[PDB]
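Raw contents of my_file.cif, mmCIF, C-alpha atoms and all ligand atoms:
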```cif
data_upload
loop_
_atom_site.label_atom_id
_atom_site.label_comp_id
_atom_site.auth_asym_id
_atom_site.auth_seq_id
_atom_site.Cartn_x
_atom_site.Cartn_y
_atom_site.Cartn_z
CA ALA A 1 78.82 69.92 -35.79
CA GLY A 2 78.51 66.73 -37.77
CA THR A 3 79.09 63.07 -36.96
CA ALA A 4 82.81 63.52 -36.34
CA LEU A 5 82.43 66.47 -33.96
CA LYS A 6 79.58 64.87 -31.99
CA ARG A 7 81.37 61.53 -31.72
CA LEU A 8 84.81 62.99 -30.99
CA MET A 9 83.46 65.28 -28.25
CA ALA A 10 81.63 62.38 -26.60
CA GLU A 11 84.78 60.24 -26.64
CA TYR A 12 86.88 62.91 -24.91
CA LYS A 13 84.14 63.39 -22.32
CA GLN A 14 84.40 59.72 -21.37
CA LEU A 15 88.21 59.91 -21.32
CA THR A 16 87.91 62.54 -18.59
CA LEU A 17 85.10 60.68 -16.84
CA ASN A 18 86.68 57.24 -16.58
CA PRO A 19 90.44 57.49 -17.21
CA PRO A 20 92.55 54.32 -17.68
CA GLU A 21 95.85 53.79 -15.87
CA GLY A 22 98.70 55.24 -17.92
CA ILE A 23 96.40 56.50 -20.64
CA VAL A 24 96.13 60.27 -20.92
CA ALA A 25 94.56 61.30 -24.23
CA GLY A 26 92.59 64.28 -25.48
CA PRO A 27 92.43 67.11 -28.06
CA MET A 28 95.24 69.68 -28.15
CA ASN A 29 92.72 72.50 -28.10
CA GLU A 30 88.99 72.92 -27.50
CA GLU A 31 88.76 74.73 -30.83
CA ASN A 32 90.50 71.81 -32.56
CA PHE A 33 89.16 68.30 -31.99
CA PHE A 34 91.01 67.04 -35.06
CA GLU A 35 94.40 66.91 -33.36
CA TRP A 36 94.65 64.75 -30.24
CA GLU A 37 97.62 64.05 -27.99
CA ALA A 38 97.95 60.63 -26.41
CA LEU A 39 100.24 59.85 -23.51
CA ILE A 40 100.43 56.08 -23.15
CA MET A 41 102.61 54.70 -20.39
CA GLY A 42 103.89 51.18 -21.01
CA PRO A 43 102.30 48.63 -18.62
CA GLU A 44 104.41 46.99 -15.92
CA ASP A 45 106.00 43.55 -16.50
CA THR A 46 106.74 44.37 -20.12
CA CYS A 47 109.78 45.48 -22.13
CA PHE A 48 108.26 48.96 -22.31
CA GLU A 49 107.10 49.38 -18.72
CA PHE A 50 107.02 52.95 -17.34
CA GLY A 51 107.37 54.28 -20.86
CA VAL A 52 105.41 57.53 -21.11
CA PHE A 53 105.07 57.48 -24.91
CA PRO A 54 103.75 60.63 -26.63
CA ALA A 55 101.67 59.98 -29.73
CA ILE A 56 99.77 62.31 -32.04
CA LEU A 57 96.34 61.38 -33.36
CA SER A 58 95.05 63.21 -36.43
CA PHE A 59 91.37 62.40 -36.99
CA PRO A 60 89.50 62.52 -40.34
CA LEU A 61 86.38 64.55 -41.15
CA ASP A 62 84.21 61.52 -41.95
CA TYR A 63 84.95 60.05 -38.52
CA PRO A 64 84.26 57.46 -37.42
CA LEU A 65 83.88 56.07 -40.96
CA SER A 66 87.63 56.45 -41.37
CA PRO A 67 90.44 55.70 -38.86
CA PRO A 68 92.66 58.35 -37.20
CA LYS A 69 96.30 58.87 -38.15
CA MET A 70 98.30 57.82 -35.10
CA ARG A 71 101.98 58.77 -35.15
CA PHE A 72 104.57 58.70 -32.36
CA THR A 73 106.32 61.97 -31.57
CA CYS A 74 109.28 60.15 -30.03
CA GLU A 75 111.77 57.46 -31.04
CA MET A 76 110.49 53.89 -31.02
CA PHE A 77 111.60 50.31 -31.58
CA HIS A 78 108.40 48.51 -32.47
CA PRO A 79 108.02 46.23 -35.55
CA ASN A 80 104.50 47.56 -36.19
CA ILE A 81 105.74 51.16 -36.17
CA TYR A 82 107.37 52.90 -39.13
CA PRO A 83 110.72 54.73 -38.60
CA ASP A 84 108.75 57.96 -39.12
CA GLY A 85 106.49 57.13 -36.20
CA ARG A 86 103.41 55.94 -38.11
CA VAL A 87 101.64 53.13 -36.29
CA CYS A 88 100.51 50.16 -38.37
CA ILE A 89 97.78 48.00 -36.88
CA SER A 90 94.99 46.00 -38.52
CA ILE A 91 92.43 47.75 -36.28
CA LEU A 92 93.29 51.00 -38.07
CA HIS A 93 93.27 49.38 -41.49
CA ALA A 94 90.57 51.08 -43.54
CA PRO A 95 88.94 48.88 -46.22
CA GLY A 96 88.65 51.83 -48.58
CA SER A 97 90.69 40.11 -42.42
CA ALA A 98 89.82 39.23 -38.82
CA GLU A 99 90.77 42.69 -37.59
CA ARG A 100 89.77 45.80 -39.54
CA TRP A 101 88.65 49.37 -38.90
CA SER A 102 85.04 49.77 -37.85
CA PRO A 103 82.94 52.78 -36.68
CA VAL A 104 82.37 50.85 -33.45
CA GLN A 105 86.07 51.18 -32.62
CA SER A 106 86.29 54.14 -30.26
CA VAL A 107 89.56 55.93 -29.44
CA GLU A 108 89.59 54.05 -26.14
CA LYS A 109 89.61 50.74 -28.03
CA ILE A 110 92.21 52.06 -30.48
CA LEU A 111 94.53 52.83 -27.59
CA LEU A 112 93.87 49.38 -26.09
CA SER A 113 95.13 47.70 -29.26
CA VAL A 114 98.28 49.82 -29.13
CA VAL A 115 98.91 48.93 -25.49
CA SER A 116 98.32 45.27 -26.32
CA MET A 117 100.77 45.46 -29.24
CA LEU A 118 103.32 47.01 -26.87
CA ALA A 119 103.03 44.08 -24.48
CA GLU A 120 102.86 41.51 -27.26
CA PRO A 121 104.76 42.83 -30.34
CA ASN A 122 103.00 40.87 -33.07
CA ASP A 123 104.53 41.96 -36.38
CA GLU A 124 101.72 41.65 -38.91
CA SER A 125 102.40 44.70 -41.05
CA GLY A 126 106.20 44.76 -40.99
CA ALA A 127 107.04 48.43 -40.63
CA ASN A 128 110.28 48.36 -38.66
CA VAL A 129 112.05 45.40 -40.26
CA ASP A 130 115.12 46.09 -38.09
CA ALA A 131 112.97 45.32 -35.07
CA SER A 132 110.78 42.65 -36.70
CA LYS A 133 113.85 40.58 -37.58
CA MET A 134 115.56 41.17 -34.24
CA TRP A 135 112.39 40.23 -32.34
CA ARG A 136 112.66 36.68 -33.66
CA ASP A 137 116.44 36.49 -34.14
CA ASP A 138 117.56 37.88 -30.77
CA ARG A 139 115.02 38.47 -28.02
CA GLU A 140 117.80 39.62 -25.69
CA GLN A 141 119.05 42.48 -27.86
CA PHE A 142 115.45 43.47 -28.56
CA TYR A 143 114.77 43.91 -24.84
CA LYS A 144 117.95 45.98 -24.55
CA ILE A 145 116.86 48.47 -27.20
CA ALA A 146 113.26 48.34 -25.98
CA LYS A 147 114.17 49.34 -22.43
CA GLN A 148 116.57 51.92 -23.85
CA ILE A 149 113.58 53.54 -25.57
CA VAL A 150 111.97 53.82 -22.13
CA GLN A 151 114.95 55.84 -20.92
CA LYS A 152 114.62 58.14 -23.91
CA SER A 153 110.84 58.53 -23.53
CA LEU A 154 110.97 59.25 -19.80
CA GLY A 155 113.95 61.51 -20.35
CA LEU A 156 116.51 59.67 -18.26
CA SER B 1 84.65 75.04 -19.71
CA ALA B 2 86.96 76.00 -22.60
CA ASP B 3 90.21 75.95 -20.67
CA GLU B 4 89.16 74.36 -17.40
CA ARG B 5 89.51 70.98 -19.05
CA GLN B 6 92.60 72.03 -21.01
CA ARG B 7 94.62 72.60 -17.84
CA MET B 8 93.15 69.51 -16.17
CA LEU B 9 94.33 67.39 -19.11
CA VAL B 10 97.85 68.85 -19.10
CA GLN B 11 98.04 67.90 -15.43
CA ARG B 12 97.20 64.24 -16.14
CA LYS B 13 99.88 64.01 -18.82
CA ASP B 14 102.42 65.66 -16.54
CA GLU B 15 101.64 63.62 -13.42
CA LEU B 16 101.52 60.30 -15.33
CA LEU B 17 104.94 61.02 -16.85
CA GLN B 18 106.55 62.06 -13.53
CA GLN B 19 105.03 58.90 -12.03
CA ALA B 20 106.55 56.62 -14.68
CA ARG B 21 109.87 58.22 -13.89
CA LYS B 22 109.51 57.75 -10.12
CA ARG B 23 108.60 54.16 -10.90
CA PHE B 24 111.18 53.22 -13.55
CA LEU B 25 113.93 54.42 -11.18
CA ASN B 26 112.50 53.09 -7.86
CA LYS B 27 112.18 49.75 -9.70
CA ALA C 1 63.99 50.32 -46.59
CA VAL C 2 62.86 50.40 -42.96
CA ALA C 3 60.30 47.77 -42.04
CA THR C 4 61.04 48.06 -38.34
CA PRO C 5 58.67 50.18 -36.17
CA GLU C 6 59.83 53.45 -34.58
CA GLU C 7 59.37 51.79 -31.18
CA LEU C 8 62.62 49.94 -31.84
CA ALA C 9 64.37 53.25 -32.38
CA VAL C 10 63.00 54.60 -29.11
CA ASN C 11 64.18 51.41 -27.40
CA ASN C 12 67.69 51.64 -28.85
CA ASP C 13 68.31 55.38 -28.76
CA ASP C 14 71.90 55.01 -29.95
CA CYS C 15 74.08 54.03 -32.89
CA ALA C 16 77.51 52.41 -33.06
CA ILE C 17 78.19 54.12 -36.38
CA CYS C 18 76.83 57.68 -36.37
CA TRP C 19 75.89 57.63 -32.69
CA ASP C 20 73.03 59.89 -31.54
CA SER C 21 69.39 58.87 -31.95
CA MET C 22 67.28 58.42 -35.10
CA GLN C 23 63.87 56.93 -35.97
CA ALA C 24 64.95 54.97 -39.06
CA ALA C 25 66.43 52.03 -37.16
CA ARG C 26 66.86 48.64 -38.82
CA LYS C 27 67.79 45.21 -37.44
CA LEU C 28 70.70 43.45 -39.12
CA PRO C 29 70.91 39.63 -39.61
CA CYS C 30 73.72 39.58 -37.05
CA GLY C 31 71.38 40.83 -34.34
CA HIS C 32 72.39 44.48 -34.44
CA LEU C 33 70.37 47.70 -34.57
CA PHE C 34 71.67 50.27 -37.04
CA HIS C 35 69.96 53.19 -38.74
CA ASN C 36 69.27 52.72 -42.46
CA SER C 37 71.01 56.00 -43.30
CA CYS C 38 74.10 54.76 -41.45
CA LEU C 39 73.92 51.24 -42.85
CA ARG C 40 73.69 52.57 -46.40
CA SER C 41 76.93 54.52 -46.02
CA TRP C 42 78.72 51.58 -44.40
CA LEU C 43 77.40 49.10 -46.98
CA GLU C 44 79.18 51.22 -49.57
CA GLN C 45 82.40 51.30 -47.56
CA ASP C 46 82.37 47.57 -46.73
CA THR C 47 80.01 44.63 -46.13
CA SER C 48 81.23 43.42 -42.74
CA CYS C 49 79.31 44.32 -39.59
CA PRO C 50 81.47 46.35 -37.13
CA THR C 51 80.77 44.33 -33.97
CA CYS C 52 80.88 41.08 -35.95
CA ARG C 53 83.91 41.27 -38.29
CA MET C 54 81.99 39.04 -40.68
CA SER C 55 80.55 39.81 -44.10
CA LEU C 56 76.77 39.46 -44.31
CA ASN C 57 75.38 37.34 -47.14
CA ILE C 58 71.78 38.39 -46.58
ZN ZN A 201 76.46 42.83 -36.27
ZN ZN A 202 72.61 56.09 -36.87
#
```
Mind turning the file's structure into structure tokens?
Amino acid sequence: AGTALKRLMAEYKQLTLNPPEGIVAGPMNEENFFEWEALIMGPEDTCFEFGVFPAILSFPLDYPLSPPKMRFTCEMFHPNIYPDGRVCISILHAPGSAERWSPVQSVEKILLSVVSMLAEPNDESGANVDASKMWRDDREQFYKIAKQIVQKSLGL
Amino acid sequence: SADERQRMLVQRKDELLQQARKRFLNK
Amino acid sequence: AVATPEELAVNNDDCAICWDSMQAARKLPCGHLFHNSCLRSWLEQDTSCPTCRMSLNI
């Protein structure tokens, strides 16, 4: 039980102690704190409201020195998200520059950045060019596909 | 303990989802 | 490399890097308390303080 195990276990404990609205995250198994499942529901008044998005978080062994691999298990239409589901955010950018990965960034904070990026899609990485270009070219069509993703995530 | 939390967690993910659905539609 | 007394470690019984409690606590120029063993590892990974996002020049 090294740094990763101690830290990871403490983080989950807090997630079950003080749970945020629309944020259900935790390890898949008690005998496996390296694979976490995150259910983030898009906040109201956004283009992704009511979107129960399922994401997988694969943590490293030198945690929290290194950032976790967050990947969506469902279809998405976000400029900062690769077509394969890999999330690209400066907060998870390991330095081997205002926003970078830091051991002080808990999973709770990591999720906050994702929720914030969902409300304000700020393309800094440029993963989903189809969306990144559309976001600026046609805000109307973007909202159409965005809300469509909500239907697909909720299963409607 | 081992699985007390496991079930608890599954419930939160389930509820939350069903809620979003109730919402999205009632909206 | 720890010139800070153990009393500081007892005062700040936590760590933002490795968490837990240790006696080898050191004060950073940005007004932060991090253990030397943790700082050493981070100083080799980067030079910017976590809760500062700024590179230290001292
Ligand atoms: Zn600092
Ligand atoms: Zn420490």
Can I get the residues of chain A within 12 Å of ligand ZN 201 (chain A), each with the closest pair of atoms and their distance in Å to one decimal, using all atoms listed in the file, sorted chain first then ascending number, as a tab-separated table?
```
residue	atom	partner	partner_atom	distance
A:102	CA	A:ZN201	ZN	11.1
A:103	CA	A:ZN201	ZN	11.9
A:104	CA	A:ZN201	ZN	10.4
```
Check your understanding: Once you count only C-alpha atoms, which residues of chain B turn out to be within 7 Å of chain A? Could you give them as a ChimeraX atom specification?
Key -> /B:2,12-13,16-17,20-21,23-24
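For the atom pair formed by CA of residue 49 in chain C and CA of residue 101 in chain A, the distance is 10.6 Å, given to one decimal.
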Point to revise | chain A contacts on chain C, all atoms listed in the file, 6 Å, as a ChimeraX atom specification | key: /C:16-18,50
Practice item. Set the cut-off to 6 Å, count all atoms listed in the file, and list whatever residues fall near ligand ZN 202 (chain A) as a ChimeraX atom specification. Key: /C:15,17-19,34-35,38
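Put simply, CA of residue 52 in chain C is 17.1 Å away from CA of residue 113 in chain A.
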Practice item. Kindly provide, as a ChimeraX atom specification, the polymer residues lying within 7 Å of (87.5, 67.3, -38.5), counting all atoms listed in the file and using the coordinates exactly as they appear in the file. Key: /A:4-5,33-34,59-61
Could the residues in this selection be written to a file with C-alpha atoms, as a PDB file, keeping the file's coordinate frame?
```pdb
ATOM      1  CA  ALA A   4      82.810  63.520 -36.340  1.00  0.00           C
ATOM      2  CA  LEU A   5      82.430  66.470 -33.960  1.00  0.00           C
ATOM      3  CA  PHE A  33      89.160  68.300 -31.990  1.00  0.00           C
ATOM      4  CA  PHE A  34      91.010  67.040 -35.060  1.00  0.00           C
ATOM      5  CA  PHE A  59      91.370  62.400 -36.990  1.00  0.00           C
ATOM      6  CA  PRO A  60      89.500  62.520 -40.340  1.00  0.00           C
ATOM      7  CA  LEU A  61      86.380  64.550 -41.150  1.00  0.00           C
TER       8      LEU A  61
END
```
Check your understanding: How many Å lie between CA of residue 134 in chain A and CA of residue 93 in chain A, rounded to one decimal?
Key ->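 Atom-to-atom, CA of residue 134 in chain A to CA of residue 93 in chain A, that is 24.8 Å.
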Practice item. Would you be able to write out as a VMD selection string which residues have an atom within 8 Å of (110.4, 47.6, -32.6) in the file's coordinates, counting only C-alpha atoms? Key: chain A and resid 76 to 81 121 128 130 to 132 135 142 146
Could you write those residues out with C-alpha atoms, as a PDB file, keeping the file's coordinate frame?
```
ATOM      1  CA  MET A  76     110.490  53.890 -31.020  1.00  0.00           C
ATOM      2  CA  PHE A  77     111.600  50.310 -31.580  1.00  0.00           C
ATOM      3  CA  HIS A  78     108.400  48.510 -32.470  1.00  0.00           C
ATOM      4  CA  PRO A  79     108.020  46.230 -35.550  1.00  0.00           C
ATOM      5  CA  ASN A  80     104.500  47.560 -36.190  1.00  0.00           C
ATOM      6  CA  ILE A  81     105.740  51.160 -36.170  1.00  0.00           C
ATOM      7  CA  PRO A 121     104.760  42.830 -30.340  1.00  0.00           C
ATOM      8  CA  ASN A 128     110.280  48.360 -38.660  1.00  0.00           C
ATOM      9  CA  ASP A 130     115.120  46.090 -38.090  1.00  0.00           C
ATOM     10  CA  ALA A 131     112.970  45.320 -35.070  1.00  0.00           C
ATOM     11  CA  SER A 132     110.780  42.650 -36.700  1.00  0.00           C
ATOM     12  CA  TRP A 135     112.390  40.230 -32.340  1.00  0.00           C
ATOM     13  CA  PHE A 142     115.450  43.470 -28.560  1.00  0.00           C
ATOM     14  CA  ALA A 146     113.260  48.340 -25.980  1.00  0.00           C
TER      15      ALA A 146
END
```
